[PDB]
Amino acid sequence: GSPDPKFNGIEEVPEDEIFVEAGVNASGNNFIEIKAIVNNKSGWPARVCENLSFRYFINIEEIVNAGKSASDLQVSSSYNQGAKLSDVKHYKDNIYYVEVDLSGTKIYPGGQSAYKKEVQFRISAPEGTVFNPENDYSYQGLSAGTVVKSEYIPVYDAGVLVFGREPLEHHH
């Protein structure tokens, strides 16, 4: 006889290797501020990632209906070493997003400070303008004072989607 030739070490990947955890860091009538922690717990195989980015999607319907536009939103942060934050960018319809780009920073499963990087960013409308997070795609399932893994904050590796989903309606 001879051993089963199907034998291999191609294992089931039992867990999501690269993902963002997020939560509400602060909020007010006209803004939301997100705490986001990008994780690389890769194992199949482990790898170093130095071109990761993620996108946080909002719906500006309530801004437009107030007679304002995306140009009235302001992205800010006092906590973003190693992360570039975009201005709001148009996706489709009244869906916009903030890109958070950690390219140039090595994130890898090699220690407590290596496998995860925290970013904080705030999106504000003008004083007196209602900012409604409840209709924002990437706000779904977020809470104050805690971070949780979210499939609604998709992660990209050199601009290629590797985890989560973009807001495809109603269209996929």
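Quick note: we count residues from 1 along the sequence shown, nothing fancier.
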On mean Cα temperature factor in this entry, is 30-38 or 59-67 the higher one? 59-67
I need to verify one thing: averaged over C-alpha atoms only, is the B-factor higher for 143-151 or for 45-53? 143-151
Return the residue from 105, 112, 124, 120 that has the highest Cα B-factor in the entry. 112
Tertile call for residue 91 (CA temperature factor, within chain, third-based) is the middle
Based on the deposited C-alpha B factors for this chain, I'd like to know if residue 13 is in the lowest, middle or highest third. highest
Assigned third (lowest, middle, highest) for the C-alpha B factor of residue 83: highest
